[PDB]
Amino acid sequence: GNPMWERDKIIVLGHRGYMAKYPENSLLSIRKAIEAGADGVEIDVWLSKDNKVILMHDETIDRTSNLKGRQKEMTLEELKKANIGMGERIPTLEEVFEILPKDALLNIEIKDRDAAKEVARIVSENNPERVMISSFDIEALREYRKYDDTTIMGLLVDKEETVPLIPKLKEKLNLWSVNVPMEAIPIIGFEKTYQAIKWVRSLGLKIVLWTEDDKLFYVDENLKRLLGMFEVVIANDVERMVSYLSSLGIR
């Protein structure tokens, strides 16, 4: 199928670039993740007022920058005035593709359904084989599929109630993976999480594991107990995850 995402080796992506150590969703963090041995990065994107795809996790720039505002209401020049940490500026998606190796993997998380059309266009110009589009919002994925029906797609899940919809959503959206939080383990329990992942995999879907707390990879050997049931891990601390997987003898 897609040899960039279907591999025998576990794929490690930096979360928001490398958010344990460098400013989230910054060019600096992305370069540092690659240097630290990640296969690629995950980034969060929105559409600015003047139709530019920019990286930002929250719906406002308040938390990560020295300015205030909703990026959807701000032009790119307004946005480029912020400092998002260490002197970094808010990047555009085009700027990300300029700094990434041409074979590096990029998981674009669409936070804004309005951005899908421009994401699709930019992706098409920048080697789509190494891109995964993901979102929590079914309607953002649906919109993306109007423009690009071949790029690898993952459904992010944050609700148990989404899980029974997965067979139909796989067909509707041509999903490749389901992108599951490690936080499912404390909330619903390890065995129920395991059995849910098993069931999703039986549909022909691959699995991306993510988390807002990297400790959950390591406590109780959670990630080790899921070996063979995931293809991608999105880690906040790239170095720690690369070193861990190598210590297990598997990457």
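Note that residue numbering follows the sequence shown and begins at 1.
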| item | value |
| --- | --- |
| Mean Cα B-factor comparison, 175 to 183 or 147 to 155, giving the higher one as deposited | 147 to 155 |
| Per the entry, higher mean C-alpha B factor between 107 to 115 and 84 to 92 | 84 to 92 |
| Residue of maximum C-alpha B factor among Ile207, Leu67, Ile188, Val41, per deposited coordinates | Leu67 |
| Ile99 - which third its CA temperature factor falls in, relative to the rest of the chain | highest |
| Third of the chain, ranked by Cα B-factor, where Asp62 sits | highest |
| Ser124 by Cα B-factor - lowest, middle or highest third of the modelled chain | middle |
| Chain third (lowest, middle, highest) by recorded CA B-factor, residue given as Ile11 | lowest |
| Chain thirds of CA B-factor: placement of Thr211 | lowest |
